[PDB]
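Given next are the chains, with one letter for each unit.
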Amino acid sequence: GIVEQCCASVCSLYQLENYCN
Amino acid sequence: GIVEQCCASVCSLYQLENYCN
Amino acid sequence: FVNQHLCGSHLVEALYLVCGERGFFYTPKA
Amino acid sequence: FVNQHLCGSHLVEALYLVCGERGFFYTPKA
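## Quick look at the nonpolar core
For step 1, the next point in the chain: Judged by nonpolar contacts, the single largest core of 32 residues is most densely connected at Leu-16 of chain A, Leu-16 of chain B, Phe-24 and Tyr-26 of chain C together with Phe-24 and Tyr-26 of chain D.
For step 2, the next point in the chain: Going through the elements one at a time, helix 1 (2–6) of chain A, helix 1 (2–6) of chain B, helix 1 (9–19) and strand 1 (24–26) of chain C together with helix 1 (9–19) and strand 1 (24–26) of chain D are the ones with two or more residues in this core.
For step 3, the next point in the chain: If near-sequence neighbours (up to four positions away) are discounted, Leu-16 of chain B is found in contact with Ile-2, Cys-6 and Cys-11 of chain B together with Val-2, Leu-6, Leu-11, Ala-14, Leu-15, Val-18 and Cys-19 of chain C.

## Section: the environment of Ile-2 of chain B
For step 1, the next point in the chain: Residue placement: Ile-2 of chain B occurs in helix 1.
For step 2, the next point in the chain: Sequence separation between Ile-2 of chain B and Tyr-19 of chain B is 17 residues, and the spatial gap between their C-alpha atoms is 8.2 Å.

## Considerations on the pattern of salt bridges
For step 1, the next point in the chain: Under the criterion given, the structure shown has 4 salt bridges over all chains.
For step 2, the next point in the chain: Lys-29 of chain D is the partner of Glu-21 of chain C in a salt bridge, and the nearest nitrogen-oxygen pair spans 3.4 Å. On the criterion of chain membership, the pair formed by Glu-21 of chain C in the loop between helix 1 and strand 1 and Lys-29 of chain D in the segment after strand 1 is interchain, its members lying in two chains. We note that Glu-21 of chain C, like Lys-29 of chain D, is exposed.

Calculation notes
- Residues numbered from 1 in each chain as written, not as in the entry; some residues may be left out.
- Chains lettered and ligands numbered in written order.
- Heavy atoms only, no water.
- Core = buried A, V, L, I, M, F, W, Y, C linked by side-chain atoms within 4.5 Å.
- Buried < 20%, exposed > 50% of the residue type's maximum accessible area, 1.4 Å probe, protein only.
- Helix = DSSP H or I, 4+ residues; strand = E, 2+ residues; numbered from the N terminus.
- Contact = heavy atoms within 4.5 Å.
- Salt bridge = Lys/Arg side-chain N within 4 Å of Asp/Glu carboxyl O.

See the structure below:
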């Protein structure tokens, strides 16, 4: 999930864009 | 939509909570 | 703090504060 | 600005900046 991938671990642009509509 | 209801017009708690999961 | 004009990052912050753990969806074209 | 630890309102702000017009969904329990 977004918190585990981007807060608990270092985020990435790939990860973030998976949550755009 | 959220922008028309809460930015272009005055928001409300009812409106905002319609967009919680 | 919710009964005002909330635009842009201000709107997103309000959703964050109000929705808490549930999270939310922000769609400015629908 | 995206390749770091992004928590809380910081994460939501990044999604806002990156996703732009498309908007996004923020789900911290999935």
